[PDB]
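The data below hold one chain only, encoded as structure tokens and taken in the form solved without the named molecule.
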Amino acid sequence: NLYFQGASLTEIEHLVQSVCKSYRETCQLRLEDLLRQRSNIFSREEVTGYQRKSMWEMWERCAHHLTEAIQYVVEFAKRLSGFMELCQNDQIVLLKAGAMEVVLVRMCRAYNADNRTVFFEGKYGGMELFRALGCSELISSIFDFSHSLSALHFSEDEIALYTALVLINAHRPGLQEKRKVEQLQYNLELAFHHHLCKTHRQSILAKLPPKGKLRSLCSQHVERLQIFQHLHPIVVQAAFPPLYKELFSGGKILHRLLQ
């Protein structure tokens, strides 16, 4: 929109409010409900039930909860200034490469660093809950990532502006209108940095996760998905969500959602 060109301070400050609004309207669960349900945690019997579940059933349940989270990320993008003004090829390029990374950041709200548990299917559970997945190295890496993010003590507004920058990334391979994405990213970084300056919160800039860790977590996920697909190809074909397979398994629901 406007933010495909240079922006004044006043336009930057209103971009802050716009992004913070779009995130408030499109976050799956409210922070207050997540924090308040930390007292209810899975029993040792319930954890065993999850661990004794079959691998392909666990993978399918997790793929559906992941797809649900992606759907709110897509709606977040559609409410972001300039995203719908972009061409549809670039919209799909940004979502295909960022929607998972955004979910990985949003996840720190559902994570409790006090006991290293995460809110999953109604209760809080540690990473042993997912032992039936057979990717304990990836699970551990994601729990560590949420742990380091929780150390930053994000506000909701900070998560809003950070995840906006995760999505609007002009370096994604395949962008057709790169410079126009470059300007949108530039204005969104001013909005982010303006908010941190105003709230005396710039010290977190040097504490943010490095660029290659969100990309590395996403690669590990595609890595483990291909290993699961080789072991259970009909499960993926018959029971995985279409949006999930479009994003992480090559071969169009994004087209529909974007319109």
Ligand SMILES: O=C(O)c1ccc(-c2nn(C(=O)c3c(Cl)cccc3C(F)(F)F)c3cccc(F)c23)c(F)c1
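Throughout, we count residues from 1 along the sequence that is shown.
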request  = With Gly251 and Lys252 adjacent in the shown sequence, let me know how many deposited residues between them lack coordinates: none, 1 to 3, 4 to 9, or 10 or more.
outcome  = 4 to 9
task = Read off the CA B-factors in the entry, average them over 56 to 64 and over 205 to 213, and name the higher stretch.
result = 205 to 213
query = Comparing 29 to 37 with 214 to 222, which has the greater mean CA B-factor as deposited?
reply = 29 to 37
remark   = Scanning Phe76, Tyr186, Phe143, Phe83 for peak Cα temperature factor in the entry gives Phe83
ask   = When the modelled residues of the chain are sorted by Cα temperature factor, does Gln88 land in the lowest, middle or highest third?
value = highest
ask   = Among the chain's modelled residues, which third holds the C-alpha B-factor of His153?
value = highest
request  = Sorting the chain's modelled residues by C-alpha B-factor, tell me whether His195 ends up in the lowest, middle or highest third.
outcome  = lowest
inquiry  = Considering every modelled residue of the chain and its Cα B-factor in the PDB entry, is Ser18 in the lowest, middle or highest third?
reply    = lowest
query = Lowest, middle or highest third: where is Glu101 by Cα B-factor in its chain?
reply = lowest
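The discussion below concerns the form deposited with the named molecule bound, not included here.
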key: Open or blocked: the named molecule superposed from its pose in the deposited complex, cut-off 2.4 Å to backbone or C-beta   = blocked
In the deposited complex, the residue from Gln226, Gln51, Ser43, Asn40 that sits within 4.5 Å of the named molecule by heavy atoms = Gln226
inquiry  = Just to confirm, with a 4.5 Å cut-off on non-hydrogen atoms, which of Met100, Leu86, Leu175, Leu165 contacts the named molecule in the deposited complex?
reply    = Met100
ask   = Does the 4.5 Å heavy atom contact test between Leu35 and the named molecule in the deposited complex come out positive?
value = no
ask   = Taking 4.5 angstroms as the cut-off for heavy atoms, does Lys96 touch the named molecule in the deposited complex?
value = yes
task = Determine whether any heavy atom of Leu243 comes within 4.5 Å of a heavy atom of the named molecule in the deposited complex, and answer yes or no.
result = yes
query = Is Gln183 one of the residues lying within 4.5 Å of the named molecule in the deposited complex, judged by heavy atom distances?
reply = no
message = Since the partner isn't included here, can you check whether the named molecule sits close to all of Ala63, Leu66 and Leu247 in the deposited complex (heavy atom within 4.5 Å for each)?
response = yes
